[PDB]
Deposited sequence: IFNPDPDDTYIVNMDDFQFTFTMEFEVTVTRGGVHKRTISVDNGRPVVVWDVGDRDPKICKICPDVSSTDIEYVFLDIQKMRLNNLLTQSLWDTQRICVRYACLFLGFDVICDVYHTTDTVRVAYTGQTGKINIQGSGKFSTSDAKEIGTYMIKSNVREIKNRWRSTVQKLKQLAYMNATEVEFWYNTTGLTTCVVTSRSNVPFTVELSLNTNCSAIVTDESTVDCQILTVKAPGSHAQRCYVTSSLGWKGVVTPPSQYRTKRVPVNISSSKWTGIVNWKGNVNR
């Protein structure tokens, strides 16, 4: 019931990263990521791409409005007084602890990098986030818990075969991870708001192990290479 949801909203700790990039020539981008992972919501230069297990983000939701305001702010900075730069980016990296928030705020231009660390909003930018912590946590908690579980080793799919050895690792989480062969390699990182597909191929390789290392704090192995492309899960090693 509502009572228990409230307590869980408070107790669950996580981070959200809001980022906006504005470039001279009309190319902008707004994104939301959680737990310092890949973006789960992307607005490209329309409607955003929103991860399937993400809450809906309408034009009036706090997340959308925060990013919209930052975008307008950055446009102003370019037009007003930043001609020594072709682009500007702002990033709010916020920790939601209880109903408190600590954000590190980063601004980047061609020649200048700025960081305001440890902002609590108690500077205006963080204030808006701080003032809406309960709503944000309530909206995102379930999404963030699922994203962690989807990052588990046993939710990770691995196609490790030989034709020329290839290892394709698929994850439905935004949690970062790396894929390494037991070896000259080619590494491909394809990602959408919904999944990550990391492929490592080494031509003329007879590597017998494909390792998967997760930011979540785990490492697993798939071995030996198949002759066919079939999905398996990494084994703790």
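The chain's deposited sequence has unresolved stretches at 1-7, 53-54, 132-146, 188-190, 211-214, 269-285, with no C-alpha coordinates there.
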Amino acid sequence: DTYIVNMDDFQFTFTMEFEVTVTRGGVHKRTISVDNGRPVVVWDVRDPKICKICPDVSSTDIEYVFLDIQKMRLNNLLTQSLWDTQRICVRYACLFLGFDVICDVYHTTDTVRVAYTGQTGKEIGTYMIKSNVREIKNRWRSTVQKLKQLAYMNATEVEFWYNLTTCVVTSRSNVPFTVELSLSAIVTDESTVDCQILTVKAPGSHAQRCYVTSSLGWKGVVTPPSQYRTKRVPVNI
From here on, numbers count along this sequence of modelled residues.
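Comparing the deposited coordinates for 200-208 and 174-182, the stretch with the larger average C-alpha B-factor is 200-208.
When 209-217 is weighed against 13-21, 209-217 comes out higher, by mean CA B-factor as recorded in the entry. Considering 138, 131, 154, 111 together, the PDB entry gives 111 the largest C-alpha B factor. Annotation for residue 55: CA B-factor lies in the middle third of the chain's modelled residues. The PDB entry assigns residue 160 a C-alpha temperature factor belonging to the highest third of its chain's modelled residues. Among the modelled residues of the chain, residue 91 sits in the lowest third by CA temperature factor in this PDB entry. Ranked by C-alpha B-factor against the other modelled residues of its chain, residue 27 falls in the highest third. Ranked against the other modelled residues of its chain, the C-alpha B-factor of residue 100 as given in the entry falls in the middle third.
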